[PDB]
Structures are given as C-alpha cells and as structure tokens.
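Presented below is the structure to which this report refers.
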Amino acid sequence: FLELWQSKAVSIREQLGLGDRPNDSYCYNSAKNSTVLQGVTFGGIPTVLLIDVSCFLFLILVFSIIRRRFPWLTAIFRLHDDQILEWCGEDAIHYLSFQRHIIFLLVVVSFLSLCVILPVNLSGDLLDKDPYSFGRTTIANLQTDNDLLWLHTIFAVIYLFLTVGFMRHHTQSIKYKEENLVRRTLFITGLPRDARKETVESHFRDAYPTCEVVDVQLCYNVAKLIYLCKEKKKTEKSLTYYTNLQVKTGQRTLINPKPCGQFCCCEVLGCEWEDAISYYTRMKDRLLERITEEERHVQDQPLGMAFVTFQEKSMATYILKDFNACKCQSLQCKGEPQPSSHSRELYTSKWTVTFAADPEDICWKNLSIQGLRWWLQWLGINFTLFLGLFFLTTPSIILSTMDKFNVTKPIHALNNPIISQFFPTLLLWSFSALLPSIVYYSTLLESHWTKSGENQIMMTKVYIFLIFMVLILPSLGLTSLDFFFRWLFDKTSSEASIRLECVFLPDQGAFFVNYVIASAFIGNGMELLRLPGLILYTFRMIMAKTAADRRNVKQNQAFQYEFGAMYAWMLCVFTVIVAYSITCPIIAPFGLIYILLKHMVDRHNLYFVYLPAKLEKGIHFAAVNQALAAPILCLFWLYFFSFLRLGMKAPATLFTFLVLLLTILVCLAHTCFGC
C-alpha cells in the first residue's frame, strides 16, 4: 500500500506511450521520451492529506492542553437537540435547523451523485488510461461529439428542483411571519437649502389636507457634533480611569500620544513622554472650545434632508407610496404628486423617499457623506479595494503555478510535491480569513447609515468580495494562464492552430480541492484554536498598568458571534461546492467531511463561551435567498464550461442557452413586485 504510492508509480509513465497513434491522436499523447508536463500524480493529494491529518492531531492535542490550563469527546457525544432550547437562545434553534437542512441536502446529493457520476466520467480514453491519475474522474475525460451531456444537464437542472424544494421546506419550518410595523417616519432627501420648516409644512398642507404634522425633524450638520461628542466621551472615560488609577496608587504616570508609542523605551526623538492628566485636560479644553464654536456654527449650513413623523399607519403608507418609481405603478409610469405653489422651488420631482428605520440607533455622525459624495466614496474605495484584491490574487496563483512557466524540459524533475501545494493554499486561506477585517474597516470608513441594514449590507459586500476573490476571479485567472501555456507550448505555429478541445484547469483542477481540504482540517483547527483571537488576548494581557487586573479582561473576553461573516463564509463554501459539482465530483465527499467537521466544531463551541444571539430574522431570510441563488451560479458555470469546451454550432449549446435564458428571465420577479 505505502510502497506503491511514489516509488514505482513515478517510473511507470516514463516507459509507455512512445507515440505512434494510428487514428485517435488524443491530446497530451506523449513527449520526447517522457510524458506531458501538465500530468500530475493524483495532484499530490495523499501527502498533503496525511500532513493535514498529522497537523490536525497536533492541534487537537494543543487545544486539549489549552483547555486544561484554562479530548472532551464525551461532551460532543452527550449534547442533544433540547438543552439548547431550554437554556440557550432562540436563534440557535434556527441556526441548527438551517445547518441540519444544508447537511441533509449535501449528504443526499453526495449519495445520489457518487454512484452515477463516477462511471460516466471514468468511461473515457482521453487521459491515455493513466492508472494513478486524478483527472479521469472529472470532465476532462469526456467525448466532445457524444450524447452523454444530456444526462449531465438533466441532473444539473434537477439540482434546481431539489434545492428549491429544500429551501421551501426550510422556509415552512422556520415559519416566521413578517413583522416590520415601523412606518411612522419617511426619509426624504433632495431638500433645498433655502426651504424651511414653515415652507415644507405649508407645502404639505397645500398638497395633502387629509393628514396632519405637528413637528418636522430637519436634519442638520451635527455629524461633526456627534463626532466631537464621541471624542469628548472617550477623553472623559480615559481621564476618569487615570484619575481612579492615581487615587489607587499615588504616583504620576506618563503616556506617549504618538501611535504605537508604548515600545519607545529609550530616549528617542519622537517618543517623548508627557503628563497624562495635564495632556488630557489640554485636549478636553480644546474639544470643549471646538463644540462651543460648532454649536454656533450648526445653523450656518444645512445638509438637504429632513425627518417627518406621523401617528397612524394607513395614511402614512398612502403618502409614502405615491411619488417614486418603485412605490408607484411598475415600469416608472407617470407619477402624480399633489401639486401646490411650493413645488418648483422644492423639487418634488427630484425628491426621493425611502423607508426610515428607528431613529434611536441611526448614525448621526455618518450623515455628512450624502449626495454625489456617496457615489464618489464608493467608486474611490471599493474600486481600490478591488485593485488590492487583484494584487492579492496575482502572486498566490503565480507561486502556485510557478512550475509551468517554462514550456521546455518535460522531465518534470524540478517541482517539489511538498511545495506549491500547501504554502500557496495556506497564504490564500489566511488572506481570505483576514479579508473580513479589511472589509470591516472599509465599511466603517464608508459610514453606512441604517443600523437595520448595516449587517445586511455588510454580509452582501462580504459575500460579493469572497465570490469575486475565490470563485470567479481565480478560476478565470488560471484558465487564462492555462490557455497561455497552451498557446506557447502546444500546436501554435508548427503545423496547425490552437486546439481548445483539451484545455482544463492546470494541476488537474486540484487547487480548489486543496483549498477545501485546508479549510476542512487545518483551517478548521485554526478556527477552533482562534490563533489571532489568542494573539489579541495575549496582546491585551501584555498591555496593562498593574499586575493583578484580571477583572476587566474577563468581562470582554467573550465576543459576539459574527453572524454575517460566518454566514458569508459558509454560503461561499457551499456555492463553490455546488458550482464545482459537475467539475471534479471528487470534491463532494471532501465537502461532506468538511461540513461534518464544521458541524461538530460549531456544536462544541456553541456551549462553552459563545454568547446568545441578539440578531433578527431578516438575516435568516437573506441567508435563505442567498442559498437559493447557488443553482443559478452552478448553471451559469456549466454554461461557461460548455461554451469554453465546445463551439456554438452544437444544439447542446443552444439548449443550454435557452435554459440559461429562462433561468435569468425568472430571477427578478421577486425583486420588482416582490416585497
């Protein structure tokens, strides 16, 4: 077993083929006393799998040590599906129900596919019948002008029925009704600077005499006011803490105002030490002067928006569903707001009214970036984030595929199986794990307004970036790179043109399998251990003023579960698994094992220190409709693969075009007139 893995197998391929193909002449036939360069021995999956198993065992041992100082499989064997309801939160029940639904769907599709898809992939002769190859089970060993794609298409479209049925069953199980009765206030923008409260109330009385308004909340430029209030609150908290420390100890302390100034232990210019109390009083007085000036400066300039509240609901909806495209009749028909003498200078046509959330948590300090400045910030921040993402995906792929830049030397005695298979996967996974922090900082800089939509837009952006970073971007990247080595290696200007009938993802498309295994074993162990949560905890313990100050660290050691980040991560993994189900079916059992391990790890971690949820059901609905879109992406990827492998002349391409057209046609009916 162990002997016939890399000792004898590496020499079998070196003494076969020898060319002389009578009439087939399949792609990647032979070479100069060697095989093709793209030929990889099973993708090197056994060695990396064994290394991951050993590292997971070591990480389990160190986790047991850390738990002892702060196996325990009996707990996992003991937990049931009731105590969570008796003592934990309510959203945990729905989270576990969704997890059960997804694992059931994955196991059902795996058991339905692993018995039928494998023989049809193995029934091929394009890979010269390599015994220990890995690409024989993928679409690479498929005949072009053959009718085996009909079963593939039928099963890929029964994906649609199965997923829709499972999602509908999950929706009926959660059975949450709509409860969003917050419509007493309408958000109106585009207000001219000249118009006043009297003007707007007179306009409202002249337009709609069937309602009453007792107060108008016209927004001001008090975003700077709230920012100064937050800075003053932080300064007061620091001053109170240092005063308490002074009372407790009796000695003066010195601080360094420069960022990261705690490491300046020597007399270095730029790291001067100043009295904490006197300095705190200095910025306290400076901030006091700033707020005193800005309070008088508040009325000098408005922002162009106001809040108008009501007392009833039917009248409020009647007026809130009148003079904008979405609320009025479909396809932007002529809207007729009530005319008056105060419309030309108020720009009712240019007005845009949307739903308003609870004013208690609305970010007042983040309301000064409205107008075209919002679009400018979006196009200047997310675009440069995409540029940085391009820079991030450039060299992970570059170093992962550094052994195929040279088209000569088919001996393939230079590549090291250990390298170029674990390190690139690890750095890509680490960058993916650090991406939520970068997107969190980007969102904080962007300063979204509505708290009720903060989590929704955060999860949407995280999922979009994760997709365009791991699924569609790297795939197209290495496909283009493989086409590049094809163009400079195989049949370019010798006797014919480029042959596109045998192109595929290099390394037998094992990069995604390696990523899945890394997120399944070493990534799962890393997530359980919380390597950078541990780093942050160690840094927090290191930074201090006294020795016995363990009271304030245990109060914030526990952290809220990142619902949006975890949902986006799991949904991205499931979508990539679904999309790469027609391609590389061997990834299905690996994904099943990953889901099993993640289920066990989440069940174990949801009982020790994890806090109960405080989040609403809109996130659950967003997750449901996000999981609903996976088969659409799978069909799109199938169409892309069909177009890349075969030309449009075949009727199969026309059939795929028609099915894609119908799927895209039924995609927005739930958005235009749906809720």
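Letters A, B, ... mark the chains of the structure tokens in the order given; residue numbers begin at 1 per chain; ligand numbers begin at 1, in order shown.
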
Practice item. Please identify all polymer residues within 12 Å of residue 8 of chain A, counting only C-alpha atoms, omitting same-chain residues fewer than 6 positions from it, and present them as a list in words. Key: residues 1, 2, 14, 15, 41 and 132 of chain A

Just to be explicit: take each residue in the selection above, keep N, CA and C atoms, and write the result as a PDB file, in the first residue's frame.
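Okay, part-v8.pdb is ready:
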```pdb
ATOM      1  N   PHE A   1       0.824  -1.203   0.000  1.00  0.00           N
ATOM      2  CA  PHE A   1       0.000   0.000   0.000  1.00  0.00           C
ATOM      3  C   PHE A   1       0.862   1.258   0.000  1.00  0.00           C
ATOM      4  N   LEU A   2       1.730   1.378   1.007  1.00  0.00           N
ATOM      5  CA  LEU A   2       2.586   2.555   1.106  1.00  0.00           C
ATOM      6  C   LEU A   2       3.709   2.525   0.077  1.00  0.00           C
ATOM      7  N   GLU A  14       7.160   6.800 -17.429  1.00  0.00           N
ATOM      8  CA  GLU A  14       8.346   7.155 -18.198  1.00  0.00           C
ATOM      9  C   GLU A  14       8.656   6.163 -19.312  1.00  0.00           C
ATOM     10  N   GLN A  15       8.022   4.992 -19.318  1.00  0.00           N
ATOM     11  CA  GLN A  15       8.313   3.938 -20.286  1.00  0.00           C
ATOM     12  C   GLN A  15       7.031   3.433 -20.938  1.00  0.00           C
ATOM     13  N   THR A  41       0.780  13.522 -10.535  1.00  0.00           N
ATOM     14  CA  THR A  41       0.475  12.251  -9.886  1.00  0.00           C
ATOM     15  C   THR A  41      -0.619  12.410  -8.832  1.00  0.00           C
ATOM     16  N   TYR A 132      -2.935   5.974 -12.030  1.00  0.00           N
ATOM     17  CA  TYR A 132      -2.989   6.746 -10.795  1.00  0.00           C
ATOM     18  C   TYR A 132      -3.190   8.238 -11.052  1.00  0.00           C
TER      19      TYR A 132
END
```

Exercise for review: Would you return as a PyMOL selection string the members of segment 95-214 of chain A that DSSP assigns to strand (DSSP E) on this structure's backbone?
Suggested key: chain A and resi 185-189

Review point. A:210, A:592, A:453, A:621: which is nearest residue 174 of chain A, counting only C-alpha atoms?
Key: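 Selected residue with least distance to residue 174 of chain A: A:621.
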
Check your understanding: Between A:671, A:471, A:78, A:144, which is the closest to residue 511 of chain A once you count only C-alpha atoms?
Key ->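 Checking each of A:671, A:471, A:78, A:144 against residue 511 of chain A, counting only C-alpha atoms, the winner is A:471.
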
Review point. Between A:574, A:429, A:405, A:537, which has the minimum distance to residue 628 of chain A (counting only C-alpha atoms)?
Key: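 Distance minimum relative to residue 628 of chain A lands on A:574.
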
Practice item. Name all residues at most 8 Å from residue 467 of chain A (count only C-alpha atoms; drop same-chain ones fewer than 5 positions away) and give them as JSON, numbers by chain. Key: {"A": [472, 473, 572]}

For the residues in the current selection, export N, CA, C and O atoms as a PDB file, in the first residue's frame.
```
ATOM      1  N   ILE A 472     -14.865  33.216  -8.961  1.00  0.00           N
ATOM      2  CA  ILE A 472     -14.923  33.592 -10.369  1.00  0.00           C
ATOM      3  C   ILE A 472     -13.595  34.196 -10.807  1.00  0.00           C
ATOM      4  O   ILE A 472     -13.190  34.053 -11.965  1.00  0.00           O
ATOM      5  N   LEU A 473     -12.899  34.862  -9.888  1.00  0.00           N
ATOM      6  CA  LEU A 473     -11.644  35.509 -10.252  1.00  0.00           C
ATOM      7  C   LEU A 473     -10.507  34.502 -10.408  1.00  0.00           C
ATOM      8  O   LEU A 473      -9.892  34.453 -11.482  1.00  0.00           O
ATOM      9  N   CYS A 572     -20.403  30.884   0.805  1.00  0.00           N
ATOM     10  CA  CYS A 572     -19.404  30.855  -0.257  1.00  0.00           C
ATOM     11  C   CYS A 572     -18.861  29.447  -0.458  1.00  0.00           C
ATOM     12  O   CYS A 572     -18.700  28.992  -1.598  1.00  0.00           O
TER      13      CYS A 572
END
```

Practice item. Tell me, as a VMD selection string, which residues lie within 10 Å of residue 93 of chain A, counting only C-alpha atoms; anything in the same chain fewer than 6 positions away does not count. Key: chain A and resid 81 to 82 84 to 85 99 174

Exercise for review: Using only C-alpha atoms, determine which residues lie at most 10 Å from residue 19 of chain A, disregarding the query and same-chain residues fewer than 3 positions distant; provide the list as number ranges by chain.
Suggested key: A: 16, 22, 25, 29-33

For N, CA, C and O atoms, I'd like the residues from the last selection saved as an mmCIF file, in the first residue's frame.
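Ended up saving to out-v2.cif:
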```cif
data_model
loop_
_atom_site.group_PDB
_atom_site.id
_atom_site.type_symbol
_atom_site.label_atom_id
_atom_site.label_comp_id
_atom_site.auth_asym_id
_atom_site.auth_seq_id
_atom_site.Cartn_x
_atom_site.Cartn_y
_atom_site.Cartn_z
ATOM 1 N N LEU A 16 6.181 4.357 -21.380
ATOM 2 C CA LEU A 16 4.973 3.991 -22.106
ATOM 3 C C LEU A 16 4.630 5.096 -23.096
ATOM 4 O O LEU A 16 5.272 6.148 -23.136
ATOM 5 N N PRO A 22 -2.421 5.485 -34.226
ATOM 6 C CA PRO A 22 -2.914 5.216 -35.586
ATOM 7 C C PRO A 22 -3.910 6.245 -36.099
ATOM 8 O O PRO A 22 -3.673 6.876 -37.134
ATOM 9 N N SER A 25 -5.033 10.013 -31.877
ATOM 10 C CA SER A 25 -4.195 11.190 -31.642
ATOM 11 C C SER A 25 -4.850 12.141 -30.638
ATOM 12 O O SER A 25 -5.062 13.325 -30.901
ATOM 13 N N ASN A 29 -0.604 13.226 -25.707
ATOM 14 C CA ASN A 29 -0.311 11.833 -26.026
ATOM 15 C C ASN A 29 1.018 11.389 -25.420
ATOM 16 O O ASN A 29 1.061 10.454 -24.612
ATOM 17 N N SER A 30 2.107 12.050 -25.794
ATOM 18 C CA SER A 30 3.437 11.690 -25.316
ATOM 19 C C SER A 30 4.361 12.885 -25.523
ATOM 20 O O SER A 30 3.923 13.970 -25.923
ATOM 21 N N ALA A 31 5.647 12.686 -25.248
ATOM 22 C CA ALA A 31 6.650 13.729 -25.403
ATOM 23 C C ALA A 31 7.968 13.070 -25.793
ATOM 24 O O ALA A 31 8.008 11.896 -26.173
ATOM 25 N N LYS A 32 9.056 13.833 -25.698
ATOM 26 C CA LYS A 32 10.388 13.338 -26.044
ATOM 27 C C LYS A 32 10.884 12.452 -24.909
ATOM 28 O O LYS A 32 11.510 12.914 -23.954
ATOM 29 N N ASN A 33 10.594 11.153 -25.022
ATOM 30 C CA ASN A 33 10.993 10.150 -24.031
ATOM 31 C C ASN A 33 10.472 10.491 -22.636
ATOM 32 O O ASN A 33 11.141 10.232 -21.632
#
```

Residues of segment 5-25 of chain A at most 12 Å from segment 412-420 of chain A: nearest atom pair and distance in Å, only C-alpha atoms, as JSON lines:
```
{"residue": "A:6", "atom": "CA", "partner": "A:417", "partner_atom": "CA", "distance": 10.7}
{"residue": "A:10", "atom": "CA", "partner": "A:413", "partner_atom": "CA", "distance": 10.5}
{"residue": "A:11", "atom": "CA", "partner": "A:413", "partner_atom": "CA", "distance": 11.9}
{"residue": "A:13", "atom": "CA", "partner": "A:412", "partner_atom": "CA", "distance": 11.9}
{"residue": "A:14", "atom": "CA", "partner": "A:412", "partner_atom": "CA", "distance": 10.9}
```

Practice item. Rank nothing, just name the residue among A:641, A:569, A:487, A:364 nearest to residue 223 of chain A, using only C-alpha atoms. Key: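 Closest residue, counting only C-alpha atoms: A:364.
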
Check your understanding: Just how far from atom CA of residue 35 of chain A is atom CA of residue 410 of chain A, in Å to one decimal?
Key ->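 Here the two named atoms are 6.8 Å from each other.
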
Practice item. Check segment 473-548 of chain A with DSSP on the backbone and list each residue it calls helix (DSSP H, G or I), as a PyMOL selection string. Key: chain A and resi 473-489+507-509+511-529+531-542

Exercise for review: List the neighbours of segment 46-52 of chain A out to 12 Å using only C-alpha atoms; skip same-chain residues closer than 5 positions along the sequence, and give me the result as JSON, numbers by chain.
Suggested key: {"A": [2, 5, 6, 41, 57, 58, 59, 60, 132, 134, 416, 417, 418, 419, 420, 421, 422, 423, 425, 426, 510, 513, 514, 515, 516, 517, 518, 519, 520, 521, 522, 523, 524, 525, 526, 590]}

Output the selection as a PDB file, in the first residue's frame - C-alpha atoms for each residue.
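The new file selection-v8.pdb reads:
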```
ATOM      1  CA  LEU A   2       2.586   2.555   1.106  1.00  0.00           C
ATOM      2  CA  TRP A   5       2.458   5.337  -3.975  1.00  0.00           C
ATOM      3  CA  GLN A   6       5.539   7.280  -5.110  1.00  0.00           C
ATOM      4  CA  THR A  41       0.475  12.251  -9.886  1.00  0.00           C
ATOM      5  CA  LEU A  57      -3.932  15.742  15.564  1.00  0.00           C
ATOM      6  CA  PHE A  58      -1.201  18.007  16.956  1.00  0.00           C
ATOM      7  CA  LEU A  59      -3.609  20.957  17.033  1.00  0.00           C
ATOM      8  CA  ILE A  60      -6.218  18.858  18.854  1.00  0.00           C
ATOM      9  CA  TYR A 132      -2.989   6.746 -10.795  1.00  0.00           C
ATOM     10  CA  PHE A 134      -6.751  12.300 -10.886  1.00  0.00           C
ATOM     11  CA  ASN A 416       8.746  19.633  -5.290  1.00  0.00           C
ATOM     12  CA  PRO A 417       5.474  17.927  -4.256  1.00  0.00           C
ATOM     13  CA  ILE A 418       5.569  19.432  -0.750  1.00  0.00           C
ATOM     14  CA  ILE A 419       5.933  22.997  -2.066  1.00  0.00           C
ATOM     15  CA  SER A 420       3.499  24.743  -4.456  1.00  0.00           C
ATOM     16  CA  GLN A 421       0.636  22.724  -2.919  1.00  0.00           C
ATOM     17  CA  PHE A 422       0.410  23.722   0.777  1.00  0.00           C
ATOM     18  CA  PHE A 423       2.080  27.130   1.162  1.00  0.00           C
ATOM     19  CA  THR A 425      -3.168  27.372  -0.210  1.00  0.00           C
ATOM     20  CA  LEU A 426      -2.238  28.494   3.302  1.00  0.00           C
ATOM     21  CA  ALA A 510      -6.730  20.384  -7.741  1.00  0.00           C
ATOM     22  CA  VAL A 513      -9.639  20.572  -3.724  1.00  0.00           C
ATOM     23  CA  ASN A 514      -6.532  21.660  -1.810  1.00  0.00           C
ATOM     24  CA  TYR A 515      -8.340  24.782  -0.586  1.00  0.00           C
ATOM     25  CA  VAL A 516     -11.311  22.684   0.560  1.00  0.00           C
ATOM     26  CA  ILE A 517      -9.065  20.241   2.432  1.00  0.00           C
ATOM     27  CA  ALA A 518      -7.169  23.143   4.013  1.00  0.00           C
ATOM     28  CA  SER A 519     -10.407  24.758   5.211  1.00  0.00           C
ATOM     29  CA  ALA A 520     -11.614  21.302   6.313  1.00  0.00           C
ATOM     30  CA  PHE A 521      -8.726  20.158   8.527  1.00  0.00           C
ATOM     31  CA  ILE A 522      -6.004  22.759   9.134  1.00  0.00           C
ATOM     32  CA  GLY A 523      -8.378  25.681   8.632  1.00  0.00           C
ATOM     33  CA  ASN A 524     -10.945  24.083  10.932  1.00  0.00           C
ATOM     34  CA  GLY A 525      -8.298  23.503  13.594  1.00  0.00           C
ATOM     35  CA  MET A 526      -7.118  27.099  13.231  1.00  0.00           C
ATOM     36  CA  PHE A 590     -14.349  16.273   0.834  1.00  0.00           C
TER      37      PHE A 590
END
```

Exercise for review: Quick one: everything within 8 Å of residue 355 of chain A, counting only C-alpha atoms, minus sequence neighbours fewer than 5 positions away in the same chain. Send it as a ChimeraX atom specification.
Suggested key: /A:183,185-187

Hey, can you spit out that residue selection with N, CA and C atoms as a compact mmCIF listing (two decimals), in the first residue's frame?
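Final output, result_20.txt:
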```txt
# COMPACT_ATOMS: atom_id res chain seq x y z
N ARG A 183 -43.45 52.47 10.23
CA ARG A 183 -43.70 53.29 9.05
C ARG A 183 -44.19 54.68 9.41
N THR A 185 -42.39 57.26 10.09
CA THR A 185 -41.46 58.26 9.61
C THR A 185 -40.99 57.89 8.21
N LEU A 186 -40.93 58.88 7.32
CA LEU A 186 -40.47 58.70 5.96
C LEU A 186 -39.20 59.52 5.73
N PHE A 187 -38.22 58.91 5.07
CA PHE A 187 -36.94 59.55 4.80
C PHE A 187 -37.01 60.27 3.46
```

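When only C-alpha atoms are used to measure the gap to residue 400 of chain A, the shortest distance among A:433, A:159, A:352, A:474 belongs to A:474.
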
Exercise for review: Calculate how many Å separate atom CA of residue 316 of chain A from atom CA of residue 184 of chain A, rounding to one decimal.
Suggested key: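 Computing the Euclidean distance for atom CA of residue 316 of chain A and atom CA of residue 184 of chain A yields 6.4 Å.
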